[PDB]
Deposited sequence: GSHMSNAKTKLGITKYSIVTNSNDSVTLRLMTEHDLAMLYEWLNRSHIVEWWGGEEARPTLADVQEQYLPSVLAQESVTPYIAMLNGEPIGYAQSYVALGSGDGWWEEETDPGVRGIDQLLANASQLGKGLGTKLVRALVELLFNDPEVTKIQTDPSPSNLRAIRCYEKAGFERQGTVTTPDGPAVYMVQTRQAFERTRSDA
């Protein structure tokens, strides 16, 4: 059915810890097999706020099915998005909790939901994402969700395929009119 997003709370941290240690997630996220204390210290919504990151839980049929986050690119940690000048740019990262639910279009639905959420903030001008060049499945998911590959950028987490979706693009693709 429909994928929706809710803010993540401190009550979700134990569940997130479990997720972040699932093998299909470890492959792409972290580098990193975080301990419970790691997840508690780093993903606490108030702590994430210090790097302009907002955490979400993705929901499907009343069940938590994934984690996502958005961030203000201009507000990111040292080394991150240092050429950015537009405070309207938001980036996203996300994961699906269940190995059995990968590759079935659920991630595309999640990304679409997150993109819509973000453009409902009228200050937001463009959404970006930075999948690993190795992560072809994530790249194709973002493409299906309306992102376009720009090129390769150097990040603190290595080279990334920089992908964007502008507000004008989102407007244009809302209808075939």
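Taking the first deposited residue as 1, the stretches without any C-alpha atom are 1 to 23, 55 to 56.
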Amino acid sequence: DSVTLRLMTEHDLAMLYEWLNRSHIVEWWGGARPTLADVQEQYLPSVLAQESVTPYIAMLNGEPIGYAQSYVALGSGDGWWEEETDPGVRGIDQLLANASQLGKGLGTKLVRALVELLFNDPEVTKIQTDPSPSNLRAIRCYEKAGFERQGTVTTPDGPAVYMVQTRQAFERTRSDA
From here on, numbers count along this sequence of modelled residues.
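Look at the mean CA B-factor for 5 to 13 and for 155 to 163 in the entry; the higher one is 5 to 13. Annotation for 70 to 78 versus 100 to 108: the higher mean temperature factor (C-alpha) is found in 100 to 108. Between the residues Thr125, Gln128, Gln50, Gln150, the entry's highest C-alpha temperature factor is the one at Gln50. Ranked by C-alpha B-factor against the other modelled residues of its chain, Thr54 falls in the lowest third. When the CA B factors of the chain's modelled residues are split into thirds, the value for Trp29 lands in the highest one. Sorting the modelled residues of the chain by their CA temperature factor places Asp93 in the lowest third.
Sorting the modelled residues of the chain by their CA temperature factor places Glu116 in the lowest third.
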